[PDB]
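In structure tokens, one chain follows: the form deposited in one PDB entry.
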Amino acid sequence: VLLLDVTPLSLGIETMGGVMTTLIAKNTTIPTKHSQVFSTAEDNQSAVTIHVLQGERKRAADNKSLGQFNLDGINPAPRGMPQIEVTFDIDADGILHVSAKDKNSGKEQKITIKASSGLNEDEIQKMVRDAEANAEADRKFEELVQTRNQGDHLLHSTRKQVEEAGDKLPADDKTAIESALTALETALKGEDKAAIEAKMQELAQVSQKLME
């Protein structure tokens, strides 16, 4: 054949840290369907927001938004525990159906995105050109996000352990841990991966007593 219908850009969802995770790769023939299981980013989350994106960039916001919805009613549980199956299905007419279902609760939400949504031909060519030009920078951004996500988790976990240690944590340890948590929070806002990893290490270095 000399012609066929494709979806012209990758389609996916935003995941923790503001990155795009692809469910359907650019130029996949339609119709097509793909699912992937995700979990929650922080402890006790009862909802997830599904931000549907079209594009090739690793920073979620650099891609085009197709729509968003929340899936609510997840039982609050440790981060990583819920299993939220997200399915993208593009039919032969280009209509994209996205669903998210929490396996434990059975709660499901979905949206239908019309085939005319998303970027036009000129914008599609520009997205592909910009993504190619920024390939290395986007990889470095994904590394930075992986590290911030680890840092953000350590910040929550440590606060949780401080709050659970009560008066069993000596006071001097508490003061050092608090000032380390501040320094880690500050680094997390920056774009320097090594700085975040260093403030993770400095926090670990004052948390030994807390680690019991």
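Counting begins at 1, following the sequence as shown. C-alpha atoms forming the largest set that superposes within 1.5 Å between two forms make up the rigid core.
Handout entry: Comparing 53-61 with 181-189, the one whose average Cα B-factor in the PDB entry is higher
Key = The deposited B-factors put 181-189 ahead on the C-alpha mean.
Problem - Mean temperature factor over C-alpha atoms, higher-scoring stretch between 164-172 and 32-40 - result: Stretch with the higher mean C-alpha B-factor: 164-172.
Practice task
Could you check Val98, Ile74, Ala137, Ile124 and tell me which one carries the biggest Cα B-factor in the deposited entry?
Solution key: Checking the PDB record, the top C-alpha B-factor among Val98, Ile74, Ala137, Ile124 is at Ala137.
Exercise for the section: Name the one of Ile90, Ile113, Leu119, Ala133 with the greatest CA B-factor according to the PDB entry. Expected result: Answer for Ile90, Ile113, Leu119, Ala133: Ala133, with the highest C-alpha B-factor.
Practice task
Sorting the chain's modelled residues by C-alpha B-factor, tell me whether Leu155 ends up in the lowest, middle or highest third.
Solution key: Highest third - that is where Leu155 ends up once the chain's C-alpha B-factors are sorted.
Problem - Third assignment of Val6 from its chain's C-alpha B-factors - result: It belongs to the lowest third of the chain when residues are ordered by C-alpha B-factor.
Handout entry: B-factor third for the C-alpha atom of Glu202 within its chain
Key = For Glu202, the deposited C-alpha B-factor lands in the highest third.
Exercise for the section: Place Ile24 in the lowest, middle or highest third of its chain's C-alpha B-factors, as listed in the PDB entry. Expected result: Lowest third.
Below, we refer to the form deposited in another entry, which is not included among the displayed structures.
Exercise for the section: Using a rigid core alignment, state whether the CA of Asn27 is displaced by 2 Å or more between the shown form and the other one. Expected result: Comparing forms between the shown form and the other one, the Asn27 CA shifts below 2 Å.
Practice task
Answer yes if the CA of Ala61 moves 2 Å or more between the shown form and the other one after aligning the rigid core, and no otherwise.
Solution key: After core superposition, the displacement of the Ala61 C-alpha between the shown form and the other one stays below 2 Å, so no.
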